[PDB]
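**Student:** Contents are mmCIF, C-alpha atoms and all ligand atoms; file name protein30.cif:
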```cif
data_coords
#
loop_
_atom_site.group_PDB
_atom_site.id
_atom_site.type_symbol
_atom_site.label_atom_id
_atom_site.label_comp_id
_atom_site.auth_asym_id
_atom_site.auth_seq_id
_atom_site.Cartn_x
_atom_site.Cartn_y
_atom_site.Cartn_z
ATOM 1 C CA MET A 1 0.000 0.000 0.000
ATOM 2 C CA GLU A 2 1.094 3.551 0.818
ATOM 3 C CA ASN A 3 2.896 2.233 3.913
ATOM 4 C CA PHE A 4 5.869 1.272 1.758
ATOM 5 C CA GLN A 5 8.191 2.846 -0.780
ATOM 6 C CA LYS A 6 8.214 -0.495 -2.582
ATOM 7 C CA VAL A 7 11.809 -0.587 -3.785
ATOM 8 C CA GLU A 8 11.273 -3.070 -6.628
ATOM 9 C CA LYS A 9 9.634 -6.228 -7.958
ATOM 10 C CA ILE A 10 11.632 -9.372 -7.226
ATOM 11 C CA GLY A 11 9.600 -12.279 -8.598
ATOM 12 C CA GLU A 12 6.297 -13.878 -9.605
ATOM 13 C CA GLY A 13 5.103 -16.781 -7.486
ATOM 14 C CA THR A 14 2.534 -19.369 -8.550
ATOM 15 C CA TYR A 15 0.214 -17.573 -6.136
ATOM 16 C CA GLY A 16 1.352 -13.997 -6.686
ATOM 17 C CA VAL A 17 4.038 -11.364 -7.252
ATOM 18 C CA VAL A 18 6.620 -10.385 -4.636
ATOM 19 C CA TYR A 19 8.122 -6.945 -3.970
ATOM 20 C CA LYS A 20 11.080 -5.679 -1.970
ATOM 21 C CA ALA A 21 9.705 -2.901 0.206
ATOM 22 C CA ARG A 22 10.826 -0.566 2.945
ATOM 23 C CA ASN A 23 8.368 0.227 5.703
ATOM 24 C CA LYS A 24 8.116 3.973 5.046
ATOM 25 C CA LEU A 25 7.828 4.375 8.831
ATOM 26 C CA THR A 26 9.910 1.731 10.660
ATOM 27 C CA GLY A 27 12.614 1.541 7.996
ATOM 28 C CA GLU A 28 12.228 -2.240 7.984
ATOM 29 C CA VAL A 29 13.008 -3.942 4.641
ATOM 30 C CA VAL A 30 10.596 -6.770 3.750
ATOM 31 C CA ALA A 31 9.335 -8.990 0.956
ATOM 32 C CA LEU A 32 5.744 -8.097 0.141
ATOM 33 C CA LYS A 33 3.690 -10.705 -1.719
ATOM 34 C CA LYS A 34 0.462 -9.574 -3.373
ATOM 35 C CA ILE A 35 -2.099 -12.350 -3.668
ATOM 36 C CA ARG A 36 -4.105 -12.095 -6.875
ATOM 37 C CA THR A 41 -6.695 -10.974 -15.690
ATOM 38 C CA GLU A 42 -7.956 -14.031 -13.795
ATOM 39 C CA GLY A 43 -9.753 -13.418 -10.514
ATOM 40 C CA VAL A 44 -9.369 -12.523 -6.847
ATOM 41 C CA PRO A 45 -10.434 -15.483 -4.623
ATOM 42 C CA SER A 46 -10.791 -15.644 -0.816
ATOM 43 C CA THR A 47 -11.590 -18.337 1.770
ATOM 44 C CA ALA A 48 -9.319 -18.787 4.784
ATOM 45 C CA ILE A 49 -7.109 -15.896 5.838
ATOM 46 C CA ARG A 50 -7.584 -17.807 9.066
ATOM 47 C CA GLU A 51 -5.463 -20.641 7.624
ATOM 48 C CA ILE A 52 -2.704 -18.323 6.479
ATOM 49 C CA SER A 53 -2.858 -16.277 9.662
ATOM 50 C CA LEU A 54 -2.059 -19.449 11.609
ATOM 51 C CA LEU A 55 1.218 -19.582 9.659
ATOM 52 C CA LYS A 56 2.405 -16.412 11.371
ATOM 53 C CA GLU A 57 2.924 -18.711 14.357
ATOM 54 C CA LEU A 58 5.434 -20.893 12.513
ATOM 55 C CA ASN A 59 8.880 -20.076 13.789
ATOM 56 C CA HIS A 60 11.917 -21.993 12.723
ATOM 57 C CA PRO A 61 15.388 -20.948 11.581
ATOM 58 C CA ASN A 62 14.775 -22.577 8.215
ATOM 59 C CA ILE A 63 11.382 -21.079 7.500
ATOM 60 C CA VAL A 64 11.110 -17.534 6.121
ATOM 61 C CA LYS A 65 9.144 -15.638 8.782
ATOM 62 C CA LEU A 66 5.640 -14.559 7.788
ATOM 63 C CA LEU A 67 5.306 -11.219 9.583
ATOM 64 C CA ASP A 68 1.781 -10.209 8.610
ATOM 65 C CA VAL A 69 -1.274 -11.117 6.600
ATOM 66 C CA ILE A 70 -3.335 -8.179 5.334
ATOM 67 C CA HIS A 71 -6.681 -8.508 3.606
ATOM 68 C CA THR A 72 -7.749 -5.259 1.990
ATOM 69 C CA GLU A 73 -8.981 -3.442 -1.109
ATOM 70 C CA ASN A 74 -9.949 -6.825 -2.579
ATOM 71 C CA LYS A 75 -6.358 -8.025 -2.174
ATOM 72 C CA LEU A 76 -4.321 -10.121 0.221
ATOM 73 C CA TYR A 77 -0.809 -9.146 1.254
ATOM 74 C CA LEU A 78 1.669 -11.364 3.015
ATOM 75 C CA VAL A 79 4.606 -9.522 4.570
ATOM 76 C CA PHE A 80 7.718 -11.693 4.876
ATOM 77 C CA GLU A 81 11.186 -11.237 6.276
ATOM 78 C CA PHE A 82 13.500 -10.317 3.401
ATOM 79 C CA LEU A 83 16.427 -12.513 2.297
ATOM 80 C CA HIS A 84 18.849 -11.293 -0.376
ATOM 81 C CA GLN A 85 18.913 -14.134 -2.849
ATOM 82 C CA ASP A 86 16.931 -17.209 -3.928
ATOM 83 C CA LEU A 87 18.456 -20.573 -4.763
ATOM 84 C CA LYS A 88 17.576 -20.325 -8.446
ATOM 85 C CA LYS A 89 19.722 -17.221 -8.789
ATOM 86 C CA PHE A 90 22.487 -18.720 -6.660
ATOM 87 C CA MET A 91 22.573 -21.903 -8.794
ATOM 88 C CA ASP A 92 22.690 -19.824 -11.984
ATOM 89 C CA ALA A 93 25.493 -17.769 -10.451
ATOM 90 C CA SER A 94 27.331 -20.964 -9.469
ATOM 91 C CA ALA A 95 26.817 -22.633 -12.875
ATOM 92 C CA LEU A 96 30.425 -22.498 -14.092
ATOM 93 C CA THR A 97 31.905 -23.911 -10.901
ATOM 94 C CA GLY A 98 29.031 -25.714 -9.215
ATOM 95 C CA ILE A 99 27.959 -25.346 -5.566
ATOM 96 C CA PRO A 100 30.579 -27.023 -3.326
ATOM 97 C CA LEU A 101 29.333 -30.387 -2.081
ATOM 98 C CA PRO A 102 29.679 -29.295 1.558
ATOM 99 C CA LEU A 103 27.383 -26.336 0.899
ATOM 100 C CA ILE A 104 24.891 -28.456 -1.074
ATOM 101 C CA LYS A 105 24.888 -30.838 1.880
ATOM 102 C CA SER A 106 24.392 -28.031 4.383
ATOM 103 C CA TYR A 107 21.518 -26.575 2.379
ATOM 104 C CA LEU A 108 19.846 -29.983 1.978
ATOM 105 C CA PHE A 109 20.198 -30.713 5.745
ATOM 106 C CA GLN A 110 18.723 -27.306 6.645
ATOM 107 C CA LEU A 111 15.845 -27.657 4.171
ATOM 108 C CA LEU A 112 15.036 -31.087 5.644
ATOM 109 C CA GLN A 113 15.061 -29.516 9.130
ATOM 110 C CA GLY A 114 12.577 -26.911 7.916
ATOM 111 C CA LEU A 115 10.362 -29.544 6.316
ATOM 112 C CA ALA A 116 10.585 -31.829 9.382
ATOM 113 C CA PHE A 117 9.358 -28.840 11.385
ATOM 114 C CA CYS A 118 6.472 -27.889 9.090
ATOM 115 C CA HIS A 119 5.407 -31.496 8.581
ATOM 116 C CA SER A 120 5.394 -32.159 12.337
ATOM 117 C CA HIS A 121 2.989 -29.211 12.544
ATOM 118 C CA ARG A 122 0.859 -30.708 9.780
ATOM 119 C CA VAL A 123 1.811 -27.972 7.307
ATOM 120 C CA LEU A 124 2.746 -28.918 3.752
ATOM 121 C CA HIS A 125 4.367 -26.702 1.204
ATOM 122 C CA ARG A 126 3.117 -28.401 -2.009
ATOM 123 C CA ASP A 127 4.972 -26.046 -4.375
ATOM 124 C CA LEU A 128 8.638 -26.199 -3.443
ATOM 125 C CA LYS A 129 11.047 -24.931 -6.106
ATOM 126 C CA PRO A 130 14.433 -23.147 -6.219
ATOM 127 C CA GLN A 131 12.657 -19.775 -6.403
ATOM 128 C CA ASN A 132 10.968 -20.577 -3.055
ATOM 129 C CA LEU A 133 14.207 -21.279 -1.200
ATOM 130 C CA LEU A 134 15.982 -18.192 0.142
ATOM 131 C CA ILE A 135 19.563 -17.804 1.297
ATOM 132 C CA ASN A 136 21.557 -15.283 3.308
ATOM 133 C CA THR A 137 25.234 -14.426 3.693
ATOM 134 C CA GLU A 138 25.581 -16.493 6.886
ATOM 135 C CA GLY A 139 25.043 -19.863 5.256
ATOM 136 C CA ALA A 140 21.378 -20.305 6.100
ATOM 137 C CA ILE A 141 18.690 -21.377 3.664
ATOM 138 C CA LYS A 142 14.981 -21.047 4.379
ATOM 139 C CA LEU A 143 11.747 -22.189 2.833
ATOM 140 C CA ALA A 144 9.163 -19.584 1.894
ATOM 141 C CA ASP A 145 5.448 -19.760 1.046
ATOM 142 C CA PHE A 146 4.466 -22.859 3.037
ATOM 143 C CA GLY A 147 0.817 -23.853 3.348
ATOM 144 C CA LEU A 148 -0.457 -21.495 0.656
ATOM 145 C CA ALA A 149 -1.582 -24.169 -1.814
ATOM 146 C CA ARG A 150 -5.323 -23.586 -1.428
ATOM 147 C CA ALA A 151 -6.361 -22.654 -4.966
ATOM 148 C CA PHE A 152 -6.040 -23.628 -8.630
ATOM 149 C CA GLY A 153 -2.766 -23.383 -10.524
ATOM 150 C CA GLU A 162 5.424 -17.091 -16.517
ATOM 151 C CA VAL A 163 4.043 -20.572 -17.116
ATOM 152 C CA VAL A 164 3.769 -22.591 -13.902
ATOM 153 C CA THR A 165 6.870 -24.719 -13.299
ATOM 154 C CA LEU A 166 6.022 -28.450 -13.194
ATOM 155 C CA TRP A 167 9.605 -29.636 -12.731
ATOM 156 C CA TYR A 168 9.362 -30.333 -9.013
ATOM 157 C CA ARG A 169 5.886 -31.893 -8.948
ATOM 158 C CA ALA A 170 5.537 -35.350 -7.311
ATOM 159 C CA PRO A 171 4.169 -38.130 -9.542
ATOM 160 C CA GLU A 172 1.075 -38.671 -7.420
ATOM 161 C CA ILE A 173 0.069 -35.062 -8.113
ATOM 162 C CA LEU A 174 0.655 -35.508 -11.854
ATOM 163 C CA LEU A 175 -1.434 -38.722 -11.770
ATOM 164 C CA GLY A 176 -4.312 -36.716 -10.327
ATOM 165 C CA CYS A 177 -4.352 -37.766 -6.684
ATOM 166 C CA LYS A 178 -6.882 -35.846 -4.627
ATOM 167 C CA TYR A 179 -5.145 -36.174 -1.276
ATOM 168 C CA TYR A 180 -1.472 -35.331 -1.160
ATOM 169 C CA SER A 181 0.810 -35.995 1.768
ATOM 170 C CA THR A 182 4.048 -34.609 3.168
ATOM 171 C CA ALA A 183 5.749 -36.927 0.686
ATOM 172 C CA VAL A 184 5.158 -34.402 -2.094
ATOM 173 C CA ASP A 185 7.619 -32.001 -0.442
ATOM 174 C CA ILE A 186 10.269 -34.643 -0.097
ATOM 175 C CA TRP A 187 9.942 -35.368 -3.834
ATOM 176 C CA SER A 188 10.384 -31.692 -4.753
ATOM 177 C CA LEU A 189 13.373 -31.391 -2.463
ATOM 178 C CA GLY A 190 14.932 -34.493 -3.986
ATOM 179 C CA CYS A 191 14.560 -32.887 -7.434
ATOM 180 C CA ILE A 192 16.239 -29.702 -6.141
ATOM 181 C CA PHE A 193 19.063 -31.703 -4.507
ATOM 182 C CA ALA A 194 19.742 -33.409 -7.861
ATOM 183 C CA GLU A 195 19.744 -30.049 -9.618
ATOM 184 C CA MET A 196 22.257 -28.501 -7.208
ATOM 185 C CA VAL A 197 24.546 -31.492 -7.796
ATOM 186 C CA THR A 198 24.326 -31.735 -11.620
ATOM 187 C CA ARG A 199 23.614 -28.086 -12.356
ATOM 188 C CA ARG A 200 20.689 -29.017 -14.537
ATOM 189 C CA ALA A 201 17.070 -29.637 -13.630
ATOM 190 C CA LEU A 202 16.328 -33.315 -13.132
ATOM 191 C CA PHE A 203 12.879 -33.481 -14.783
ATOM 192 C CA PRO A 204 12.378 -30.346 -16.928
ATOM 193 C CA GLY A 205 8.934 -31.106 -18.344
ATOM 194 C CA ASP A 206 7.147 -28.540 -20.498
ATOM 195 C CA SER A 207 3.667 -30.047 -20.014
ATOM 196 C CA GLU A 208 2.089 -32.359 -17.478
ATOM 197 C CA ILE A 209 2.429 -35.443 -19.660
ATOM 198 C CA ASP A 210 5.999 -34.559 -20.627
ATOM 199 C CA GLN A 211 6.817 -34.037 -16.938
ATOM 200 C CA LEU A 212 5.353 -37.435 -16.134
ATOM 201 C CA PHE A 213 7.108 -39.241 -18.988
ATOM 202 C CA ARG A 214 10.446 -37.601 -18.171
ATOM 203 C CA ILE A 215 10.063 -39.073 -14.654
ATOM 204 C CA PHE A 216 9.094 -42.463 -16.121
ATOM 205 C CA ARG A 217 12.017 -42.474 -18.560
ATOM 206 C CA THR A 218 14.454 -42.021 -15.721
ATOM 207 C CA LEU A 219 12.950 -43.991 -12.837
ATOM 208 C CA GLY A 220 11.031 -46.474 -14.958
ATOM 209 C CA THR A 221 7.299 -46.544 -15.628
ATOM 210 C CA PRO A 222 5.683 -47.355 -12.299
ATOM 211 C CA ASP A 223 3.621 -50.497 -11.830
ATOM 212 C CA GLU A 224 1.724 -52.247 -9.052
ATOM 213 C CA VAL A 225 4.901 -53.912 -7.871
ATOM 214 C CA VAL A 226 6.724 -50.727 -6.937
ATOM 215 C CA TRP A 227 3.654 -48.610 -6.316
ATOM 216 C CA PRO A 228 0.552 -50.505 -5.098
ATOM 217 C CA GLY A 229 -2.531 -48.665 -6.316
ATOM 218 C CA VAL A 230 -0.850 -46.738 -9.114
ATOM 219 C CA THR A 231 -2.933 -48.284 -11.907
ATOM 220 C CA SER A 232 -6.111 -47.045 -10.242
ATOM 221 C CA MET A 233 -5.008 -43.434 -9.962
ATOM 222 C CA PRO A 234 -7.279 -40.811 -11.603
ATOM 223 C CA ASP A 235 -5.110 -40.000 -14.597
ATOM 224 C CA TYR A 236 -3.244 -43.268 -14.894
ATOM 225 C CA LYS A 237 -3.604 -44.749 -18.426
ATOM 226 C CA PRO A 238 -2.773 -48.386 -19.237
ATOM 227 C CA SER A 239 -1.470 -46.925 -22.489
ATOM 228 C CA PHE A 240 1.510 -45.223 -20.781
ATOM 229 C CA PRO A 241 4.683 -46.474 -22.495
ATOM 230 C CA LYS A 242 6.656 -48.840 -20.280
ATOM 231 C CA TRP A 243 10.186 -47.561 -19.828
ATOM 232 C CA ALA A 244 12.826 -49.530 -17.941
ATOM 233 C CA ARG A 245 14.370 -47.775 -14.914
ATOM 234 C CA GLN A 246 17.751 -46.163 -15.581
ATOM 235 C CA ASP A 247 20.932 -47.257 -13.857
ATOM 236 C CA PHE A 248 20.822 -44.228 -11.473
ATOM 237 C CA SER A 249 24.575 -43.725 -11.178
ATOM 238 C CA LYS A 250 23.793 -42.051 -14.496
ATOM 239 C CA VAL A 251 21.242 -39.743 -12.809
ATOM 240 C CA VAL A 252 23.353 -37.603 -10.491
ATOM 241 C CA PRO A 253 27.005 -38.108 -11.334
ATOM 242 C CA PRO A 254 29.335 -37.588 -9.710
ATOM 243 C CA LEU A 255 27.442 -37.701 -6.381
ATOM 244 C CA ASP A 256 28.796 -40.326 -3.936
ATOM 245 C CA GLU A 257 26.881 -43.440 -2.851
ATOM 246 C CA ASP A 258 25.537 -41.927 0.395
ATOM 247 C CA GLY A 259 24.105 -39.046 -1.618
ATOM 248 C CA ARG A 260 22.672 -41.344 -4.303
ATOM 249 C CA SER A 261 21.133 -43.626 -1.684
ATOM 250 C CA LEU A 262 19.443 -40.687 0.054
ATOM 251 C CA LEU A 263 18.218 -39.236 -3.236
ATOM 252 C CA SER A 264 16.801 -42.580 -4.344
ATOM 253 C CA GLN A 265 14.806 -42.719 -1.086
ATOM 254 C CA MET A 266 13.472 -39.197 -1.654
ATOM 255 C CA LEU A 267 12.368 -40.209 -5.156
ATOM 256 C CA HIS A 268 10.501 -43.443 -4.429
ATOM 257 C CA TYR A 269 7.303 -43.599 -6.450
ATOM 258 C CA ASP A 270 5.085 -44.812 -3.601
ATOM 259 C CA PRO A 271 4.560 -41.839 -1.310
ATOM 260 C CA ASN A 272 4.333 -44.369 1.514
ATOM 261 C CA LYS A 273 7.865 -45.619 0.792
ATOM 262 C CA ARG A 274 9.347 -42.169 0.185
ATOM 263 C CA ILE A 275 11.624 -41.162 3.069
ATOM 264 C CA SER A 276 10.339 -38.651 5.647
ATOM 265 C CA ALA A 277 12.214 -35.409 6.394
ATOM 266 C CA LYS A 278 12.965 -36.682 9.938
ATOM 267 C CA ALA A 279 14.302 -40.011 8.660
ATOM 268 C CA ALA A 280 16.296 -38.229 5.945
ATOM 269 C CA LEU A 281 18.073 -36.163 8.638
ATOM 270 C CA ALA A 282 19.406 -39.381 10.142
ATOM 271 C CA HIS A 283 20.764 -40.665 6.812
ATOM 272 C CA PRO A 284 24.544 -41.426 6.685
ATOM 273 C CA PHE A 285 24.916 -38.718 4.032
ATOM 274 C CA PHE A 286 24.783 -36.132 6.837
ATOM 275 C CA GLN A 287 27.334 -37.673 9.174
ATOM 276 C CA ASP A 288 29.943 -35.083 8.115
ATOM 277 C CA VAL A 289 27.603 -32.124 7.546
ATOM 278 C CA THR A 290 28.959 -28.628 8.278
ATOM 279 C CA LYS A 291 27.761 -25.070 7.685
ATOM 280 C CA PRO A 292 29.929 -23.346 5.030
ATOM 281 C CA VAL A 293 29.365 -19.713 4.142
ATOM 282 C CA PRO A 294 28.427 -19.204 0.499
ATOM 283 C CA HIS A 295 30.042 -16.678 -1.807
ATOM 284 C CA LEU A 296 27.095 -14.372 -2.421
ATOM 285 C CA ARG A 297 27.198 -11.514 -4.887
ATOM 286 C CA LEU A 298 24.378 -9.120 -3.997
HETATM 287 N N1 LIG B 301 15.103 -11.577 -3.069
HETATM 288 N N2 LIG B 301 14.338 -11.916 -1.961
HETATM 289 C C1 LIG B 301 13.198 -12.597 -2.094
HETATM 290 O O1 LIG B 301 12.759 -12.969 -3.189
HETATM 291 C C2 LIG B 301 12.469 -12.881 -0.813
HETATM 292 N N3 LIG B 301 12.858 -12.525 0.395
HETATM 293 N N4 LIG B 301 11.911 -12.983 1.256
HETATM 294 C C3 LIG B 301 10.869 -13.651 0.638
HETATM 295 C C4 LIG B 301 9.681 -14.290 1.115
HETATM 296 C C5 LIG B 301 8.797 -14.910 0.175
HETATM 297 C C6 LIG B 301 9.106 -14.881 -1.222
HETATM 298 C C7 LIG B 301 10.302 -14.235 -1.691
HETATM 299 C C8 LIG B 301 11.212 -13.605 -0.768
#
```
Please, can you express the file's structure as structure tokens?
Ligand SMILES: NNC(=O)c1n[nH]c2ccccc12
**Tutor:**
Amino acid sequence: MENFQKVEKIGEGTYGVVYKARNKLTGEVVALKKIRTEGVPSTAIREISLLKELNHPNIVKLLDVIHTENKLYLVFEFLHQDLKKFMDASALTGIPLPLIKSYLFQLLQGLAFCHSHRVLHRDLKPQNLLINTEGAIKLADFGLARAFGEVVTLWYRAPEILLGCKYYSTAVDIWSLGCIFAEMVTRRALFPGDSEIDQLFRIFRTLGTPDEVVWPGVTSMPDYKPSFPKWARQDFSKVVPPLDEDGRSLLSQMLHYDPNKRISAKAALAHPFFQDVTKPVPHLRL
């Protein structure tokens, strides 16, 4: 509103645009997300308001929720860079494995926290992960997914969502995070689909077309078609080279087809991959 100087636009989320703004009175710098030629819905500001109570070092703090002038505004703590920009910036050299590991460990801590509070993200992507100069990484925009869906990015979507499941579980966030982990390691998106079917078939071509053996109930899913081509699962050491075996093992558990078999954030934190985890400082150019 008129409370801010609104320094500049900084991104377009699946649910709305975000702005860097300075409280024209307290001097506080924040990220202001405007929820909205489509339509301006409304249902539970109560739901979102509850999120203001989420407090964890790996969750971007939601400072306020404002419903006004036929618009919803979420005021968030501001972080200087998102992971998408950091990966692009680190494209020539790659993010050091210790930093990738630190970021994955922290993101799992944030998800373990949200999931233990029965809060799902549902739309995790590099643009939704924010980093600061001190080596922290935080998840932003949790629990928003309460409406329909730059073209939306399908790259991090769990297969059960693509197959039309009506009830999703915390497993969908683990899937997205696994996709992001792979991308930090290889410096290329794992499943860059350009449509829902292409997204699905890119997953099938790599992990093999799922069947009742690996995923009980898959053939009865809403959009499952017996006509799906049957691709054999790929080696996997071919998937995220040159990640070590602990990393590959953990990733494979985050990418299990059956959401019931997919590793939880809490269990992932105990994986051997994190035995030597540290907290490096990244080289951030702001
Ligand atoms: N460059 N900074 C950002 O994009 C940002 N900072 N805090 C957020 C909270 C939610 C969404 C984005 C953001």
**Student:** Contacts of residue 30 of chain A at 8 Å or less, counting all atoms listed in the file, minus same-chain residues fewer than 3 places along, as a PyMOL selection string?
**Tutor:** chain A and resi 20-23+79-82
**Student:** Using all atoms listed in the file, which residue out of A:199, A:88, A:71, A:36 lies closest to ligand LIG 301 (chain B)?
**Tutor:** A:88
**Student:** Which is closer to residue 185 of chain A than all the others in A:288, A:68, A:57, A:127, using only C-alpha atoms?
**Tutor:** A:127
**Student:** Can you pull out every residue within 6 Å of segment 129-134 of chain A, counting all atoms listed in the file, but drop anything in the same chain fewer than 5 positions away, and send it as a count of residues only?
**Tutor:** 8
**Student:** So, with all atoms listed in the file as the atoms that count, which of A:108, A:279, A:123, A:135 lies closest to ligand LIG 301 (chain B)?
**Tutor:**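 Smallest separation from ligand LIG 301 (chain B) among the options: A:135.
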**Student:** When the PyMOL selection byres (((chain A and resi 188) around 12) and not hetatm) is applied to the file above, which residues end up in the set, as a PDB file with C-alpha atoms, keeping the file's coordinate frame?
**Tutor:**
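Below you can see result_35.pdb, which holds the result:
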```pdb
ATOM      1  CA  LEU A 108      19.846 -29.983   1.978  1.00  0.00           C
ATOM      2  CA  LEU A 111      15.845 -27.657   4.171  1.00  0.00           C
ATOM      3  CA  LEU A 112      15.036 -31.087   5.644  1.00  0.00           C
ATOM      4  CA  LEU A 115      10.362 -29.544   6.316  1.00  0.00           C
ATOM      5  CA  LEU A 124       2.746 -28.918   3.752  1.00  0.00           C
ATOM      6  CA  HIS A 125       4.367 -26.702   1.204  1.00  0.00           C
ATOM      7  CA  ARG A 126       3.117 -28.401  -2.009  1.00  0.00           C
ATOM      8  CA  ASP A 127       4.972 -26.046  -4.375  1.00  0.00           C
ATOM      9  CA  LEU A 128       8.638 -26.199  -3.443  1.00  0.00           C
ATOM     10  CA  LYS A 129      11.047 -24.931  -6.106  1.00  0.00           C
ATOM     11  CA  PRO A 130      14.433 -23.147  -6.219  1.00  0.00           C
ATOM     12  CA  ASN A 132      10.968 -20.577  -3.055  1.00  0.00           C
ATOM     13  CA  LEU A 133      14.207 -21.279  -1.200  1.00  0.00           C
ATOM     14  CA  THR A 165       6.870 -24.719 -13.299  1.00  0.00           C
ATOM     15  CA  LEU A 166       6.022 -28.450 -13.194  1.00  0.00           C
ATOM     16  CA  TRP A 167       9.605 -29.636 -12.731  1.00  0.00           C
ATOM     17  CA  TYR A 168       9.362 -30.333  -9.013  1.00  0.00           C
ATOM     18  CA  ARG A 169       5.886 -31.893  -8.948  1.00  0.00           C
ATOM     19  CA  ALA A 170       5.537 -35.350  -7.311  1.00  0.00           C
ATOM     20  CA  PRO A 171       4.169 -38.130  -9.542  1.00  0.00           C
ATOM     21  CA  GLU A 172       1.075 -38.671  -7.420  1.00  0.00           C
ATOM     22  CA  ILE A 173       0.069 -35.062  -8.113  1.00  0.00           C
ATOM     23  CA  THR A 182       4.048 -34.609   3.168  1.00  0.00           C
ATOM     24  CA  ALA A 183       5.749 -36.927   0.686  1.00  0.00           C
ATOM     25  CA  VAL A 184       5.158 -34.402  -2.094  1.00  0.00           C
ATOM     26  CA  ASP A 185       7.619 -32.001  -0.442  1.00  0.00           C
ATOM     27  CA  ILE A 186      10.269 -34.643  -0.097  1.00  0.00           C
ATOM     28  CA  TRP A 187       9.942 -35.368  -3.834  1.00  0.00           C
ATOM     29  CA  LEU A 189      13.373 -31.391  -2.463  1.00  0.00           C
ATOM     30  CA  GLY A 190      14.932 -34.493  -3.986  1.00  0.00           C
ATOM     31  CA  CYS A 191      14.560 -32.887  -7.434  1.00  0.00           C
ATOM     32  CA  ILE A 192      16.239 -29.702  -6.141  1.00  0.00           C
ATOM     33  CA  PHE A 193      19.063 -31.703  -4.507  1.00  0.00           C
ATOM     34  CA  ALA A 194      19.742 -33.409  -7.861  1.00  0.00           C
ATOM     35  CA  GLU A 195      19.744 -30.049  -9.618  1.00  0.00           C
ATOM     36  CA  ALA A 201      17.070 -29.637 -13.630  1.00  0.00           C
ATOM     37  CA  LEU A 202      16.328 -33.315 -13.132  1.00  0.00           C
ATOM     38  CA  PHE A 203      12.879 -33.481 -14.783  1.00  0.00           C
ATOM     39  CA  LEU A 263      18.218 -39.236  -3.236  1.00  0.00           C
ATOM     40  CA  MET A 266      13.472 -39.197  -1.654  1.00  0.00           C
ATOM     41  CA  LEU A 267      12.368 -40.209  -5.156  1.00  0.00           C
ATOM     42  CA  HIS A 268      10.501 -43.443  -4.429  1.00  0.00           C
ATOM     43  CA  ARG A 274       9.347 -42.169   0.185  1.00  0.00           C
ATOM     44  CA  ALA A 277      12.214 -35.409   6.394  1.00  0.00           C
TER      45      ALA A 277
END
```
**Student:** Any idea what's packed within 12 Å of residue 220 of chain A, counting all atoms listed in the file, ignoring anything in its chain fewer than 4 positions away? Could you give it as a compact mmCIF listing (two decimals) with C-alpha atoms, keeping the file's coordinate frame?
**Tutor:**
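After the write, selection.txt holds the following:
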```
# COMPACT_ATOMS: atom_id res chain seq x y z
CA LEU A 212 5.35 -37.44 -16.13
CA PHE A 213 7.11 -39.24 -18.99
CA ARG A 214 10.45 -37.60 -18.17
CA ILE A 215 10.06 -39.07 -14.65
CA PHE A 216 9.09 -42.46 -16.12
CA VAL A 225 4.90 -53.91 -7.87
CA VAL A 226 6.72 -50.73 -6.94
CA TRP A 227 3.65 -48.61 -6.32
CA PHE A 240 1.51 -45.22 -20.78
CA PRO A 241 4.68 -46.47 -22.50
CA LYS A 242 6.66 -48.84 -20.28
CA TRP A 243 10.19 -47.56 -19.83
CA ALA A 244 12.83 -49.53 -17.94
CA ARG A 245 14.37 -47.78 -14.91
CA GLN A 246 17.75 -46.16 -15.58
CA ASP A 247 20.93 -47.26 -13.86
CA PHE A 248 20.82 -44.23 -11.47
CA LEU A 267 12.37 -40.21 -5.16
CA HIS A 268 10.50 -43.44 -4.43
CA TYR A 269 7.30 -43.60 -6.45
```
**Student:** Which residue is closest to ligand LIG 301 (chain B)? Choose from A:52, A:63, A:83, A:293 and count all atoms listed in the file.
**Tutor:**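 Selected residue with least distance to ligand LIG 301 (chain B): A:83.
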**Student:** Hey, can you pull every residue with an atom no more than 9 Å from (2.0, -8.5, 8.1), using only C-alpha atoms, and send it as a short mmCIF file (atom, residue, chain, number, x, y, z; two decimals) with C-alpha atoms, in the frame of the given file?
**Tutor:**
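Writing done, so here's point.cif:
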```cif
data_model
loop_
_atom_site.label_atom_id
_atom_site.label_comp_id
_atom_site.auth_asym_id
_atom_site.auth_seq_id
_atom_site.Cartn_x
_atom_site.Cartn_y
_atom_site.Cartn_z
CA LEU A 32 5.74 -8.10 0.14
CA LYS A 56 2.40 -16.41 11.37
CA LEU A 66 5.64 -14.56 7.79
CA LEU A 67 5.31 -11.22 9.58
CA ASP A 68 1.78 -10.21 8.61
CA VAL A 69 -1.27 -11.12 6.60
CA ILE A 70 -3.34 -8.18 5.33
CA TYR A 77 -0.81 -9.15 1.25
CA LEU A 78 1.67 -11.36 3.02
CA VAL A 79 4.61 -9.52 4.57
CA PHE A 80 7.72 -11.69 4.88
#
```
**Student:** Nearest to residue 61 of chain A: which of A:99, A:43, A:34, A:113 is it, counting all atoms listed in the file?
**Tutor:**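 Of the candidates, the smallest distance to residue 61 of chain A is held by A:113.
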**Student:** Which value, in Å to one decimal, gives the distance between atom CA of residue 49 of chain A and atom CA of residue 148 of chain A?
**Tutor:**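 Those two atoms sit 10.1 Å apart.
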**Student:** Tell me, in Å to one decimal, how far atom CA of residue 97 of chain A is from atom CA of residue 294 of chain A.
**Tutor:**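 Between atom CA of residue 97 of chain A and atom CA of residue 294 of chain A the gap works out to 12.8 Å.
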**Student:** Quick one: of A:229, A:4, A:298, A:26, who's nearest to ligand LIG 301 (chain B), counting all atoms listed in the file?
**Tutor:**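 Among the listed residues, the smallest separation from ligand LIG 301 (chain B) belongs to A:298.
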**Student:** When the PyMOL selection byres (((chain A and resi 290) around 7) and not hetatm) is applied to the structure above, which residues does it catch, written out as a ChimeraX atom specification?
**Tutor:** /A:102,106,288-289,291-292
